[PDB]
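Asker: The file below is model-v4.tsv, TSV, C-alpha atoms:
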chain	number	residue	atom	x	y	z
A	2	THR	CA	0.71	-37.94	55.99
A	3	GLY	CA	-0.49	-34.48	57.07
A	4	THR	CA	-3.62	-32.93	55.57
A	5	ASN	CA	-3.72	-29.13	55.37
A	6	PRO	CA	-6.79	-27.51	57.03
A	7	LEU	CA	-5.99	-24.24	55.22
A	8	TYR	CA	-6.27	-25.92	51.83
A	9	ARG	CA	-8.70	-24.07	49.56
A	10	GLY	CA	-9.27	-25.57	46.12
A	11	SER	CA	-10.51	-23.91	42.93
A	12	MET	CA	-9.23	-20.39	43.61
A	13	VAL	CA	-8.99	-18.07	40.59
A	14	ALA	CA	-6.97	-15.16	41.99
A	15	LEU	CA	-3.78	-14.20	40.24
A	16	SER	CA	-0.72	-14.30	42.47
A	17	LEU	CA	1.75	-11.68	41.31
A	18	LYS	CA	5.13	-10.41	42.47
A	19	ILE	CA	4.96	-6.63	42.93
A	20	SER	CA	8.38	-5.09	42.45
A	21	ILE	CA	9.12	-1.61	43.84
A	22	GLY	CA	12.85	-0.90	43.68
A	23	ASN	CA	14.68	-3.51	45.71
A	24	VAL	CA	11.47	-4.58	47.46
A	25	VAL	CA	9.53	-7.55	46.13
A	26	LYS	CA	6.27	-8.79	47.59
A	27	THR	CA	3.72	-11.32	46.37
A	28	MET	CA	0.11	-10.12	46.23
A	29	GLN	CA	-3.22	-11.67	45.26
A	30	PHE	CA	-5.53	-10.07	42.68
A	31	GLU	CA	-8.82	-11.14	41.16
A	32	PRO	CA	-8.18	-11.44	37.36
A	33	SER	CA	-10.95	-8.96	36.67
A	34	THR	CA	-9.33	-6.27	38.87
A	35	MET	CA	-9.01	-2.95	37.05
A	36	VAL	CA	-5.43	-1.71	36.82
A	37	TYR	CA	-6.34	1.46	38.76
A	38	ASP	CA	-7.63	-0.65	41.68
A	39	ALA	CA	-4.52	-2.85	41.60
A	40	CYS	CA	-2.47	0.31	41.96
A	41	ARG	CA	-4.68	1.32	44.90
A	42	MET	CA	-4.27	-2.08	46.61
A	43	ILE	CA	-0.48	-1.78	46.12
A	44	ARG	CA	-0.45	1.67	47.68
A	45	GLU	CA	-2.36	0.35	50.73
A	46	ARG	CA	-0.01	-2.58	51.33
A	47	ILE	CA	3.64	-1.77	50.49
A	48	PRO	CA	5.19	1.25	52.27
A	49	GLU	CA	7.67	1.94	49.47
A	50	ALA	CA	4.72	2.60	47.11
A	51	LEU	CA	4.22	5.92	48.91
A	52	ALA	CA	7.37	7.47	47.41
A	53	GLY	CA	5.25	9.78	45.24
A	54	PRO	CA	1.71	10.78	44.28
A	55	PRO	CA	-0.39	8.17	42.41
A	56	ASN	CA	-0.41	9.88	38.98
A	57	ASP	CA	3.39	9.72	38.97
A	58	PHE	CA	3.39	5.90	39.17
A	59	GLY	CA	1.99	3.04	37.14
A	60	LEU	CA	2.26	-0.72	36.57
A	61	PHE	CA	4.98	-1.88	34.17
A	62	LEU	CA	5.66	-5.31	32.63
A	63	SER	CA	9.30	-5.45	31.58
A	64	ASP	CA	10.98	-7.52	28.87
A	65	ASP	CA	14.49	-8.47	27.82
A	66	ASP	CA	13.96	-6.09	24.91
A	67	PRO	CA	13.35	-2.81	26.82
A	68	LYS	CA	11.30	-1.61	23.82
A	69	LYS	CA	8.74	-4.33	24.52
A	70	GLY	CA	8.12	-3.24	28.11
A	71	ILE	CA	4.58	-1.96	28.48
A	72	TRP	CA	2.68	0.29	30.87
A	73	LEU	CA	-0.72	-1.02	31.95
A	74	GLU	CA	-3.73	1.14	31.09
A	75	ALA	CA	-5.79	2.19	34.08
A	76	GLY	CA	-9.12	1.30	32.48
A	77	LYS	CA	-8.15	-2.28	31.62
A	78	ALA	CA	-8.41	-5.35	33.82
A	79	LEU	CA	-5.38	-7.43	34.73
A	80	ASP	CA	-6.60	-10.47	32.81
A	81	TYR	CA	-6.48	-8.50	29.53
A	82	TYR	CA	-2.70	-8.58	29.89
A	83	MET	CA	-2.46	-12.41	29.89
A	84	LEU	CA	-0.77	-12.62	33.27
A	85	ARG	CA	0.08	-15.92	35.00
A	86	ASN	CA	0.85	-16.83	38.60
A	87	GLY	CA	4.38	-15.86	39.56
A	88	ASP	CA	4.60	-12.98	37.09
A	89	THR	CA	6.21	-9.71	38.16
A	90	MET	CA	4.65	-6.25	37.88
A	91	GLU	CA	6.74	-3.21	38.76
A	92	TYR	CA	5.07	-0.32	40.51
A	93	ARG	CA	7.36	2.09	38.74
A	94	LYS	CA	7.87	5.82	38.41
A	95	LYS	CA	6.52	7.12	35.08
A	96	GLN	CA	8.65	10.27	35.05
A	97	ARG	CA	12.07	10.22	33.39
A	98	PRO	CA	14.57	12.93	32.39
A	99	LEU	CA	14.78	13.70	28.66
A	100	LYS	CA	17.62	15.75	27.20
A	101	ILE	CA	16.12	17.86	24.40
A	102	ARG	CA	17.74	20.43	22.10
A	103	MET	CA	15.33	23.35	22.05
A	104	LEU	CA	14.42	25.51	19.04
A	105	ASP	CA	17.16	28.06	19.86
A	106	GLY	CA	19.88	25.36	19.85
A	107	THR	CA	20.28	24.99	23.62
A	108	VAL	CA	20.00	21.61	25.36
A	109	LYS	CA	17.61	21.50	28.34
A	110	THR	CA	16.63	18.55	30.54
A	111	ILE	CA	12.88	18.01	30.96
A	112	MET	CA	10.73	15.36	32.67
A	113	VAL	CA	8.48	13.24	30.45
A	114	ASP	CA	5.93	10.54	31.18
A	115	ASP	CA	7.37	7.30	29.79
A	116	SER	CA	3.85	5.92	29.16
A	117	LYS	CA	2.81	8.73	26.78
A	118	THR	CA	3.07	8.65	23.00
A	119	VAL	CA	5.30	11.27	21.38
A	120	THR	CA	2.21	13.29	20.47
A	121	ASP	CA	1.06	13.77	24.07
A	122	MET	CA	4.64	14.28	25.15
A	123	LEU	CA	5.06	17.10	22.62
A	124	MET	CA	2.05	18.85	24.16
A	125	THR	CA	3.63	19.16	27.58
A	126	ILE	CA	7.04	19.99	26.10
A	127	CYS	CA	5.55	22.76	23.94
A	128	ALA	CA	3.43	24.05	26.84
A	129	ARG	CA	6.70	24.36	28.78
A	130	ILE	CA	8.01	26.83	26.15
A	131	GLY	CA	4.84	28.71	25.23
A	132	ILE	CA	4.09	27.13	21.83
A	133	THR	CA	0.46	27.02	20.69
A	134	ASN	CA	1.00	25.42	17.26
A	135	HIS	CA	2.35	22.30	18.92
A	136	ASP	CA	0.95	20.30	15.97
A	137	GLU	CA	3.61	21.84	13.73
A	138	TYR	CA	6.53	20.54	15.82
A	139	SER	CA	8.15	17.14	16.30
A	140	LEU	CA	11.31	15.40	17.53
A	141	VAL	CA	14.22	13.96	15.60
A	142	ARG	CA	16.78	11.54	16.94
A	143	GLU	CA	20.46	12.53	16.80
A	152	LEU	CA	15.77	13.65	9.03
A	153	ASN	CA	14.81	10.77	11.32
A	154	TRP	CA	11.33	11.76	12.49
A	155	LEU	CA	10.13	9.86	15.52
A	156	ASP	CA	6.71	8.27	15.20
A	157	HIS	CA	4.10	10.50	16.80
A	158	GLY	CA	1.76	7.62	17.57
A	159	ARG	CA	4.18	5.53	19.58
A	160	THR	CA	6.03	5.97	22.85
A	161	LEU	CA	9.73	6.72	22.90
A	162	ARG	CA	10.39	3.38	24.60
A	163	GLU	CA	8.75	1.32	21.86
A	164	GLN	CA	10.72	3.20	19.14
A	165	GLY	CA	14.02	2.19	20.73
A	166	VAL	CA	14.84	5.66	22.02
A	167	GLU	CA	17.15	5.34	25.01
A	168	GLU	CA	16.97	7.61	28.03
A	169	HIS	CA	20.50	8.95	27.55
A	170	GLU	CA	19.81	10.12	23.99
A	171	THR	CA	19.38	13.80	23.26
A	172	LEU	CA	16.43	14.52	20.99
A	173	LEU	CA	15.96	17.56	18.75
A	174	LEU	CA	12.85	19.71	18.73
A	175	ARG	CA	12.18	20.82	15.15
A	176	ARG	CA	9.34	22.30	13.12
A	177	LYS	CA	7.81	19.62	10.84
A	178	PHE	CA	4.67	21.24	9.40
A	179	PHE	CA	4.90	24.68	7.75
A	180	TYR	CA	1.27	25.63	8.01
A	181	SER	CA	1.14	29.01	9.77
A	182	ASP	CA	3.78	31.77	9.78
A	183	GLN	CA	3.52	34.91	11.92
A	184	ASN	CA	5.17	38.15	10.88
A	185	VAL	CA	8.85	38.67	11.66
A	186	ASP	CA	9.66	41.80	13.63
A	187	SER	CA	12.33	43.21	15.90
A	188	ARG	CA	9.62	43.67	18.56
A	189	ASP	CA	10.39	40.30	20.22
A	190	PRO	CA	14.11	39.69	19.56
A	191	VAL	CA	13.85	36.38	21.41
A	192	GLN	CA	11.20	35.25	18.94
A	193	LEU	CA	13.20	36.81	16.11
A	194	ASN	CA	16.17	34.67	17.14
A	195	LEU	CA	13.99	31.54	17.12
A	196	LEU	CA	12.81	32.27	13.59
A	197	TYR	CA	16.42	32.94	12.58
A	198	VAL	CA	17.97	29.79	14.10
A	199	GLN	CA	15.33	27.56	12.47
A	200	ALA	CA	15.59	29.17	9.03
A	201	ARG	CA	19.37	28.89	9.25
A	202	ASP	CA	19.58	25.31	10.49
A	203	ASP	CA	17.25	24.19	7.67
A	204	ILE	CA	19.39	25.86	5.00
A	205	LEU	CA	22.60	24.54	6.55
A	206	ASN	CA	21.41	20.95	6.93
A	207	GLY	CA	19.90	21.01	3.44
A	208	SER	CA	16.26	20.35	4.24
A	209	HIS	CA	15.63	23.78	2.67
A	210	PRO	CA	17.59	23.43	-0.60
A	211	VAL	CA	18.86	26.69	-2.11
A	212	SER	CA	21.10	27.83	-4.93
A	213	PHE	CA	24.80	28.45	-4.49
A	214	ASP	CA	24.25	32.19	-4.88
A	215	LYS	CA	21.53	32.27	-2.25
A	216	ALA	CA	23.59	30.05	0.09
A	217	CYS	CA	26.37	32.64	-0.08
A	218	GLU	CA	23.98	35.55	0.49
A	219	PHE	CA	22.68	33.74	3.59
A	220	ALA	CA	26.24	33.12	4.82
A	221	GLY	CA	26.90	36.86	4.46
A	222	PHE	CA	24.02	37.67	6.80
A	223	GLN	CA	25.24	34.86	9.08
A	224	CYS	CA	28.71	36.43	9.13
A	225	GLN	CA	27.18	39.78	10.02
A	226	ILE	CA	25.20	38.17	12.83
A	227	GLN	CA	28.05	36.19	14.44
A	228	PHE	CA	31.03	38.53	13.88
A	229	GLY	CA	29.49	41.97	13.46
A	230	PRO	CA	30.45	44.22	10.53
A	231	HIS	CA	33.06	42.99	8.08
A	232	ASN	CA	36.70	43.78	8.97
A	233	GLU	CA	38.96	43.02	5.99
A	234	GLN	CA	41.93	42.75	8.40
A	235	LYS	CA	40.48	39.73	10.24
A	236	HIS	CA	37.83	38.25	7.90
A	237	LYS	CA	40.29	37.23	5.18
A	238	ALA	CA	40.84	34.06	3.17
A	239	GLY	CA	40.92	30.90	5.26
A	240	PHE	CA	39.14	32.45	8.26
A	241	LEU	CA	35.81	30.63	7.76
A	242	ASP	CA	35.03	27.03	8.60
A	243	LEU	CA	32.76	26.72	5.57
A	244	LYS	CA	30.92	23.63	6.85
A	245	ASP	CA	29.36	25.98	9.46
A	246	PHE	CA	28.15	28.53	6.86
A	247	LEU	CA	27.18	26.53	3.74
A	248	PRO	CA	25.11	23.41	2.99
A	249	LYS	CA	27.35	20.40	2.45
A	250	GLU	CA	26.67	20.38	-1.31
A	251	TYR	CA	28.46	23.74	-1.56
A	252	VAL	CA	31.40	23.44	0.85
A	253	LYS	CA	33.81	21.95	-1.73
A	254	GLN	CA	33.24	25.08	-3.83
A	255	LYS	CA	35.31	28.21	-3.26
A	256	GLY	CA	32.56	30.38	-1.86
A	257	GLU	CA	34.63	32.17	0.80
A	258	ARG	CA	35.13	35.20	-1.45
A	259	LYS	CA	31.40	35.45	-2.28
A	260	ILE	CA	30.36	35.03	1.35
A	261	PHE	CA	32.79	37.78	2.32
A	262	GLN	CA	31.45	40.03	-0.42
A	263	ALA	CA	27.88	39.66	0.86
A	264	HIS	CA	29.23	40.19	4.38
A	265	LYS	CA	30.86	43.46	3.31
A	266	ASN	CA	27.61	44.54	1.61
A	267	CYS	CA	25.85	44.52	5.00
A	268	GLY	CA	27.94	47.52	6.02
A	269	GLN	CA	27.09	48.50	9.59
A	270	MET	CA	23.82	46.49	9.69
A	271	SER	CA	22.75	45.57	13.22
A	272	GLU	CA	22.47	41.99	14.44
A	273	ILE	CA	18.68	42.32	14.62
A	274	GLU	CA	18.33	43.77	11.13
A	275	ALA	CA	20.49	40.97	9.73
A	276	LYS	CA	18.27	38.33	11.38
A	277	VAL	CA	15.16	40.01	9.91
A	278	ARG	CA	16.70	40.08	6.44
A	279	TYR	CA	17.87	36.47	6.77
A	280	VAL	CA	14.41	35.23	7.74
A	281	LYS	CA	12.70	37.28	5.04
A	282	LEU	CA	15.11	36.14	2.34
A	283	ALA	CA	14.41	32.52	3.31
A	284	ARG	CA	10.65	33.05	3.31
A	285	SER	CA	10.86	34.74	-0.09
A	286	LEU	CA	12.22	31.62	-1.83
A	287	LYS	CA	9.91	29.39	-3.88
A	288	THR	CA	11.36	26.47	-1.88
A	289	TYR	CA	10.34	27.77	1.54
A	290	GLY	CA	7.96	25.57	3.47
A	291	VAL	CA	8.38	22.63	1.05
A	292	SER	CA	9.45	19.24	2.37
A	293	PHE	CA	11.47	17.39	-0.26
A	294	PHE	CA	11.96	13.64	-0.66
A	295	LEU	CA	14.04	11.77	-3.22
A	296	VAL	CA	12.02	9.32	-5.32
A	297	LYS	CA	12.57	7.31	-8.49
A	298	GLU	CA	10.05	7.69	-11.31
A	299	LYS	CA	9.19	5.42	-14.23
A	300	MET	CA	9.33	7.35	-17.51
A	301	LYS	CA	7.08	6.31	-20.38
A	302	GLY	CA	9.30	4.02	-22.44
A	303	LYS	CA	12.42	4.10	-20.26
A	304	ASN	CA	13.43	0.93	-18.39
A	305	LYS	CA	15.66	2.99	-16.05
A	306	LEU	CA	14.15	5.07	-13.24
A	307	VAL	CA	14.79	8.84	-13.30
A	308	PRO	CA	15.43	10.25	-9.78
A	309	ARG	CA	12.98	13.02	-8.96
A	310	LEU	CA	12.17	15.27	-6.03
A	311	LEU	CA	8.72	15.10	-4.44
A	312	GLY	CA	7.63	18.31	-2.71
A	313	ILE	CA	5.01	18.43	0.04
A	314	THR	CA	3.37	21.64	1.27
A	315	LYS	CA	0.26	22.59	3.22
A	316	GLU	CA	-1.44	23.09	-0.15
A	317	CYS	CA	-0.04	20.57	-2.60
A	318	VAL	CA	2.21	17.75	-3.73
A	319	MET	CA	4.61	18.56	-6.53
A	320	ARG	CA	7.00	16.81	-8.89
A	321	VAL	CA	10.30	18.67	-9.04
A	322	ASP	CA	13.45	18.15	-11.09
A	323	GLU	CA	16.29	16.98	-8.84
A	324	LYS	CA	18.83	19.66	-9.87
A	325	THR	CA	17.13	22.88	-11.01
A	326	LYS	CA	14.33	22.51	-8.39
A	327	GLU	CA	11.65	23.52	-10.96
A	328	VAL	CA	8.06	22.26	-10.69
A	329	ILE	CA	7.17	19.83	-13.48
A	330	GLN	CA	3.73	19.09	-12.04
A	331	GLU	CA	1.56	20.00	-9.08
A	332	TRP	CA	-1.57	18.52	-7.51
A	333	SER	CA	-3.54	20.19	-4.76
A	334	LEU	CA	-4.12	18.16	-1.59
A	335	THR	CA	-7.85	18.40	-2.29
A	336	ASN	CA	-7.12	16.52	-5.58
A	337	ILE	CA	-5.68	13.47	-3.76
A	338	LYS	CA	-8.20	10.72	-3.09
A	339	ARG	CA	-5.90	8.12	-1.45
A	340	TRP	CA	-2.27	7.36	-0.73
A	341	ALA	CA	-0.31	4.24	0.15
A	342	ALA	CA	3.19	3.59	1.44
A	343	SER	CA	5.29	0.44	1.45
A	344	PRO	CA	8.95	-0.08	2.48
A	345	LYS	CA	9.93	0.33	-1.19
A	346	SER	CA	7.27	2.58	-2.76
A	347	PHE	CA	4.82	5.43	-2.39
A	348	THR	CA	1.58	5.72	-4.36
A	349	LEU	CA	-0.99	8.48	-4.97
A	350	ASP	CA	-4.54	8.02	-6.21
A	351	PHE	CA	-5.91	11.25	-7.71
A	352	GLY	CA	-9.43	10.03	-8.56
A	353	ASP	CA	-10.80	11.69	-11.72
A	354	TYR	CA	-8.13	14.44	-11.63
A	355	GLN	CA	-5.74	12.06	-13.45
A	356	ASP	CA	-5.61	8.78	-15.38
A	357	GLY	CA	-3.50	6.25	-13.50
A	358	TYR	CA	-1.80	6.46	-10.13
A	359	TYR	CA	1.50	8.14	-9.39
A	360	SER	CA	3.75	5.42	-7.93
A	361	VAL	CA	7.46	5.83	-7.17
A	362	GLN	CA	10.30	3.97	-5.59
A	363	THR	CA	11.53	5.38	-2.32
A	364	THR	CA	12.54	4.28	1.14
A	365	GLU	CA	10.68	7.20	2.76
A	366	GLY	CA	7.15	6.20	1.74
A	367	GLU	CA	5.95	5.94	5.33
A	368	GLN	CA	7.39	9.38	6.08
A	369	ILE	CA	5.86	10.97	2.96
A	370	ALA	CA	2.48	9.54	3.95
A	371	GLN	CA	2.74	10.86	7.51
A	372	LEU	CA	3.58	14.34	6.25
A	373	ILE	CA	0.59	14.37	3.90
A	374	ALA	CA	-1.75	12.98	6.54
A	375	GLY	CA	-0.49	15.53	9.06
A	376	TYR	CA	-1.20	18.49	6.82
A	377	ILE	CA	-4.70	17.11	6.26
A	378	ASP	CA	-5.21	16.70	10.01
A	379	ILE	CA	-4.08	20.26	10.62
A	380	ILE	CA	-6.46	21.53	7.93
A	381	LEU	CA	-9.36	19.53	9.39
A	382	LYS	CA	-8.71	21.01	12.82
A	383	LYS	CA	-8.72	24.59	11.49
A	384	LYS	CA	-12.09	24.25	9.73
A	385	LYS	CA	-13.59	22.54	12.80
A	386	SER	CA	-12.55	25.57	14.90
A	387	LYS	CA	-13.77	28.08	12.28
The structure given in the file should be rewritten as structure tokens.

Answerer:
Amino acid sequence: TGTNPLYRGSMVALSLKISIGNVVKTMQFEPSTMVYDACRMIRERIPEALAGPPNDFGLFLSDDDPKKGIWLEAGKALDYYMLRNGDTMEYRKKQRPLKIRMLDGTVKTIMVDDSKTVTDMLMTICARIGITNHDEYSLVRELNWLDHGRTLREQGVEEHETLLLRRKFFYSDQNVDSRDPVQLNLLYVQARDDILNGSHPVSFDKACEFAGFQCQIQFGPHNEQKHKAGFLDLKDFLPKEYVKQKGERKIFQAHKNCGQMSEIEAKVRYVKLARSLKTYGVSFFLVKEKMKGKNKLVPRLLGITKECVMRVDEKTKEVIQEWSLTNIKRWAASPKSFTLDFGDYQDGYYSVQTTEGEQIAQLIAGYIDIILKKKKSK
């Protein structure tokens, strides 16, 4: 029998495998070591850890489910993370390329910090394109709003996916003028995409008026020789609800009525016509109501704005009822329902079936948060 002179009993240090690319290396850390010091010890001991500046790297605990991989917070200690001897920590690059469709419709590639929530990520994305009201904007997956409070990774967003930048809160609108035609085009593309994808619902007549301006903008003035029956792919000029109607003649009439209107003037009229509609700036959700003495549930539209919540008939789009946001005491969402407590401003709660309760609640809470930030600055 040999006895080991190097034997040291009752040691507490964690022994961890530090992975950096193809390099692995076992290192010893005191369980109470702050994450930021562990990063510093790794930088002083493995040459490959010098591939980039410190703020570009962090410690990452992977998982078979990539969505459950986590980035360690700098101000925590290792023992918080319930690590055991033989565990692996990656010293891993935080930056990753994100394909994002911008507000004009183009797809750019930008670098995002994989450890940031979507909220902090939207700040640096908006900064990159000169947007101050970054609180009005969000990302949709290719409306599937991403969760602002969570990272992309933990929402199952993959790094090959292209995400869409889109305005979510309609709080503040600047005037529309030909002075900045780049800005004018941004206002136009967003107004148009919302009409065409149906998140701004409009009448058949209005939808055809819009298409007329859109024809003027994409083709120039109407030429009866070329812009004849069958020319238009209607799914590119009409919301889906109206494609199976024979609107090509009406679109072409409104196109003719633009005469020699310039591209810029047609964008200004398009934006203004959209802003002039009672439906502008309203986010609509489909809910099912319980009518007094009616076992069946009547589908209804719930409208959210920066000022109010409204009950709206599903077809005509008329307002049956309206409560100001200041009149709402509480709200609650579930996977099957959404509920509004109005305090003394009503007897009973307003409770409705819907799958989008969590999304309704986040829209209402976001408008409130925007309002609270404006008063705090005033």

Asker: Taking all atoms listed in the file into account, which of A:342, A:380, A:79, A:321 comes nearest residue A:294?

Answerer: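 Selected residue with least distance to residue A:294: A:321.
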
Asker: Find the residues around residue A:332 up to 7 Å (only C-alpha atoms counted), leave out those fewer than 6 positions away in its own chain, and share them as a VMD selection string.

Answerer: chain A and resid 317 to 319

Asker: Could you give me, as a Markdown table, every stretch 154-200 of chain A residue with an atom at most 12 Å from stretch 209-214 of chain A, plus its closest atom pair and distance in Å to one decimal, counting all atoms listed in the file, rows ordered by chain then number?

Answerer:
| residue | atom | partner | partner_atom | distance |
| --- | --- | --- | --- | --- |
| A:179 | CA | A:209 | CA | 11.9 |
| A:199 | CA | A:209 | CA | 10.5 |
| A:200 | CA | A:209 | CA | 8.3 |

Asker: What's the separation between atom CA of residue A:326 and atom CA of residue A:106, in Å to one decimal place?

Answerer: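 If I compute the distance from atom CA of residue A:326 to atom CA of residue A:106, I get 28.9 Å.
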
Asker: Using all atoms listed in the file, can you tell me which of A:335, A:379, A:28, A:224 comes closest to residue A:350?

Answerer: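 Ranking A:335, A:379, A:28, A:224 by distance to residue A:350, first place goes to A:335.
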
Asker: Measure the distance from atom CA of residue A:95 to atom CA of residue A:17 in Å and round it to one decimal.

Answerer: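 For atom CA of residue A:95 relative to atom CA of residue A:17, the distance reads 20.4 Å.
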
Asker: Check the smallest atom-to-atom distance from each of A:306, A:191, A:196, A:35 to residue A:81 using all atoms listed in the file, then report the winner.

Answerer: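 Nearest candidate to residue A:81 out of A:306, A:191, A:196, A:35: A:35.
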
Asker: Quick one: residues within 12 Å of residue A:130, all atoms listed in the file, excluding same-chain residues fewer than 2 positions away - as number ranges by chain?

Answerer: A: 103-105, 109, 111, 123-128, 132-135, 174, 192, 195

Asker: For a quick check of understanding, using only C-alpha atoms, which of A:251, A:82, A:61, A:92 has the smallest distance to residue A:42?

Answerer: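 Ranking A:251, A:82, A:61, A:92 by distance to residue A:42, first place goes to A:92.
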
Asker: My list of candidates is A:252, A:62, A:275, A:193. Which is closest to residue A:221 when distances are computed with all atoms listed in the file?

Answerer: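 Using all atoms listed in the file, residue A:221 sits closest to A:275.
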
Asker: Got a sec: who's within 7 Å of residue A:323, counting all atoms listed in the file, leaving out chain neighbours fewer than 4 positions off, as a ChimeraX atom specification?

Answerer: /A:308-310

Asker: Can you pull out every residue within 10 Å of residue A:352, counting only C-alpha atoms, but drop anything in the same chain fewer than 5 positions away, and send it as a list in words?

Answerer: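 Listed by chain and then number, they are residues 336, 337, 338, 339, 357 and 358 of chain A.
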
Asker: So which residues are close to (-9.5, -10.8, 34.2), meaning at most 10 Å away in the file's coordinates with all atoms listed in the file counted, and can you show them as an mmCIF file with C-alpha atoms, in the frame of the given file?

Answerer:
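Once everything was written out, this is part_24.cif:
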data_model
loop_
_atom_site.group_PDB
_atom_site.id
_atom_site.type_symbol
_atom_site.label_atom_id
_atom_site.label_comp_id
_atom_site.auth_asym_id
_atom_site.auth_seq_id
_atom_site.Cartn_x
_atom_site.Cartn_y
_atom_site.Cartn_z
ATOM 1 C CA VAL A 13 -8.990 -18.070 40.590
ATOM 2 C CA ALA A 14 -6.970 -15.160 41.990
ATOM 3 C CA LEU A 15 -3.780 -14.200 40.240
ATOM 4 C CA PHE A 30 -5.530 -10.070 42.680
ATOM 5 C CA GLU A 31 -8.820 -11.140 41.160
ATOM 6 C CA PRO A 32 -8.180 -11.440 37.360
ATOM 7 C CA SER A 33 -10.950 -8.960 36.670
ATOM 8 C CA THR A 34 -9.330 -6.270 38.870
ATOM 9 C CA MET A 35 -9.010 -2.950 37.050
ATOM 10 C CA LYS A 77 -8.150 -2.280 31.620
ATOM 11 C CA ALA A 78 -8.410 -5.350 33.820
ATOM 12 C CA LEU A 79 -5.380 -7.430 34.730
ATOM 13 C CA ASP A 80 -6.600 -10.470 32.810
ATOM 14 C CA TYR A 81 -6.480 -8.500 29.530
ATOM 15 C CA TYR A 82 -2.700 -8.580 29.890
ATOM 16 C CA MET A 83 -2.460 -12.410 29.890
ATOM 17 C CA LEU A 84 -0.770 -12.620 33.270
#
